[PDB]
């Protein structure tokens, strides 16, 4: 059986909390293995392992269960348990009713029928929440490798929403091909040398900040992966999202410094997000309204 190390402790599949299969009920599909909304009552998201899978798929599934179960932070999705002693195997997560951040931004964009559905403060609160999760990973020497809007979840659709990092698939893989690496979220030393440090997540966080303030656009509009690689290697950076306040765009450009040592750590990023949150010239800026 495979082992896993985090925050000074080694853990094994015996440490995972096995939930009796009879206590688990599936309600509906959420998306793709398949993920279901379920109940244990506790509302859960059920990640399934296909019964027809390779031995490497099984080890990856067991590793992601160990990774998420060992985290303890308000901005990282909770693991309620697993159901590994029955087929198909399950990983049971905290059900984040707000869904994924990329879909939430796309669906909650201000429109004429709702011109204030989202404000600069909502986006700053999401950014702070994920930066708090990243700071926890940084201080525990865990490198995420795929900080992106698609990998973040929201507790609810409303103003009290809390954003959390919900996927650890890329980190699990490293603990396969070029066209699958998230090159649009990677710093130059990562896509060129395969060097990953805490400063890799800083660069990716800058890209997530762009995704958030653009309200869910795909980074580097109209550029392919090779074009992005050539652009970023040459010193090219994204333009500010539409109506993005200068102090927020400044955080993105600091996250995208070519030298990893010139990028801020997450403590500095949180200080800057907090300053943006306090600045009336920032939070009083209206987001664009999509006709």
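Heads up, when I say rigid core I mean the largest set of C-alphas that superpose within 1.5 Å between the two forms. Residue numbers count along the first chain shown, from 1.
Farther from the shown form on average, by C-alpha root mean square after a core fit in 5 other deposited structures of this protein, is 59 to 67, of the stretches 246 to 254 and 59 to 67.
Superposition on the core shows that, in 5 other deposited structures of this protein, the C-alpha atoms drift more in one of 190 to 198 and 121 to 129; this is 190 to 198. Modelling of residue 98 is complete across the other compared entries in which both of its neighbours are modelled; not even a third of them leave it out. Residue 159, modelled here, also has coordinates in every other compared entry of this protein that models residues flanking it, well short of the third needed to call it frequently missing. Per the record, residue 32 and residue 33 are separated by 1 to 3 deposited residues that have no coordinates. Per the record, residue 175 and residue 176 are separated by 4 to 9 deposited residues that are missing from the model. Mean C-alpha B-factor is higher over 217 to 225 than over the other stretch, the pair under comparison being 74 to 82 and 217 to 225. Stretches 58 to 66 and 230 to 238 differ in mean C-alpha B factor, with the higher average recorded for 58 to 66.
The top Cα temperature factor in the record, among 187, 166, 133, 157, falls on 157. If you compare the C-alpha temperature factors of 204, 140, 116, 151 in the entry, 116 comes out highest. Sort the chain's modelled residues by C-alpha temperature factor and residue 91 lands in the lowest third, per the entry. When the modelled residues of the chain are ordered by C-alpha B-factor, residue 28 sits in the highest third. When all modelled residues of the chain are sorted by CA temperature factor, residue 41 is found within the highest third.
Residue 111: CA B factor lies in the highest third for its chain, per the PDB record. Per the deposited record, the Cα B-factor of residue 193 falls in the highest third when ranked against the other modelled residues of its chain.
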